[PDB]
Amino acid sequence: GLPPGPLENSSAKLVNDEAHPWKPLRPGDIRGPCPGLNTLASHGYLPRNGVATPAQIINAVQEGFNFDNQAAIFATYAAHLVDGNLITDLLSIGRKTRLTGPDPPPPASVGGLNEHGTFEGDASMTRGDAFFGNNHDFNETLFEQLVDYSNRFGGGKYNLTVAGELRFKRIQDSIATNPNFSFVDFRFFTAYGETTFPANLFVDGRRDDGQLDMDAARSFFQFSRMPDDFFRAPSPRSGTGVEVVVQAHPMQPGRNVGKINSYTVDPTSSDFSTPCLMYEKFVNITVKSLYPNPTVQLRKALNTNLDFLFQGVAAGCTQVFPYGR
């Protein structure tokens, strides 16, 4: 199917409703590193087993949280290109699963959102770096640090000021302890945007005040559960206020170089001054390296999904064509 369009009616409304009750996980149900998608699956906005099509994902993030259409399209097709099965049109929101169907040849992994270094990456707020053994499960110690930062910088609530301080703390902790820490290109962008999402999308839409309480935060981050009577945001949004987060502690993209405390700036990386380069490298390097010489049906599926990806790219960038026109 085609990428869904924007919501026809984007008002705040009850999304924890009779048709979308929270249910616990059944054996085989998949949850991953994204509390948004996890919550949508656990309320039946997505299939409850955590395997979905790109169209299902885009519809769910819009309907359940009022995620904006362009952001939804870019994120979903990016994730699907690197982590999903392009023939079956299925993506796991967590671990690799036989439920996404017969795999393409190596080097494509079809690893789901749990695949480290494609979409998922280091210095997540409530998930540990892959180097430490688990990049997807809720981590209580890290959440308690989020609570502490909310107490210190947000009067007990999570807001953009808290995001700015916590984003930097997690980067500095990974620099100090993860000798494989990578913070370039696609991850450099998503790591900043994601810190705004709890303030923009987990705050009840009747308030929309950017101040997320810790009971709601835990419900989403740990239990994939909307608060009782949760209303979605009152208009479409994703990363608004990311400038506040960056401004708090501006960083350059880089990586540790096989040792702790060796953060080395990467001049080949995109940064916020070159957003089109982030798109071009994602396609020319990341996607192309997974599918260097695709067969007929895969080449077609790649080109279709790459066209959809480009719909999510901000105006002013030129589309690139790794497999011709």
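When you see a residue number, it is the position in the sequence shown, counting from 1.
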Given 170-178 and 93-101, the range whose Cα B-factors average higher in the PDB entry:
93-101
Regarding 38-46 and 23-31, which shows the higher C-alpha temperature factor on average in the entry?
23-31
Return the residue from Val51, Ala55, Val61, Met278 that has the highest Cα B-factor in the entry.
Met278
What third of the chain does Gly121 rank in for C-alpha temperature factor, lowest, middle or highest?
lowest
Select lowest, middle or highest to describe the third in which the CA B-factor of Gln222 falls within its chain in this entry.
lowest
Temperature factor at the Cα of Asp129, chain-ranked in thirds, falls in the lowest
Split the chain's modelled residues into thirds by Cα B-factor; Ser262 lands in the middle
Cα B factor band for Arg237 (lowest, middle or highest third within the chain)
middle
